[PDB]
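For reference, the chain that follows is the form deposited in one PDB entry, supplied as structure tokens.
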């Protein structure tokens, strides 16, 4: 798996951010309270939502003054370029966006049914949640967790 770009809107301290990750070592220096972990958790949210992390709840990650939360992720896995779009709204599904696509030329095409259910199942087969959590994304405060048994 390789991340290309992350677009987040109204996620914690993020109102509208766009990050383009490259190959090699990508550092993001920031001070306490700046947005570092916020960006990473959005990436997690947009990939496996719904999650099983008690310390990450929908009604809490929507930027204070905002109403909708937007996360757009474009990544590459085994030659195929995928893209997942999540749009959170506290009111209706009509506006809610949950679609994972496959790039065909210059056009993105539904990899499957646009819903948390279908996208979850497809992501689980593309890259299992557990493997992402103790092998890929090491959250803040969890560096030596791997030593625990």
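For the two forms, the rigid core is made up of the largest set of C-alpha atoms that agree within 1.5 Å on superposition. Positions refer to the first chain, counted from 1.
Not pictured, yet referred to below: the form deposited in another entry.
- Superposed on the core, the two forms barely differ at residue 120: its CA moves less than 2 Å between the shown form and the other one.
- If you fit the rigid core between the shown form and the other one, you'll see the Cα of residue 52 move by 2 angstroms or more.
- Taking the rigid core as fixed, one finds a CA shift for residue 28 smaller than 2 Å between the shown form and the other one.
- Distance between the C-alpha atoms of residue 63 and residue 6: longer in the other entry than here (change of 3 Å or more).
- By 3 Å or more, the C-alpha separation between residue 43 and residue 60 grows in the other entry relative to the form shown here.
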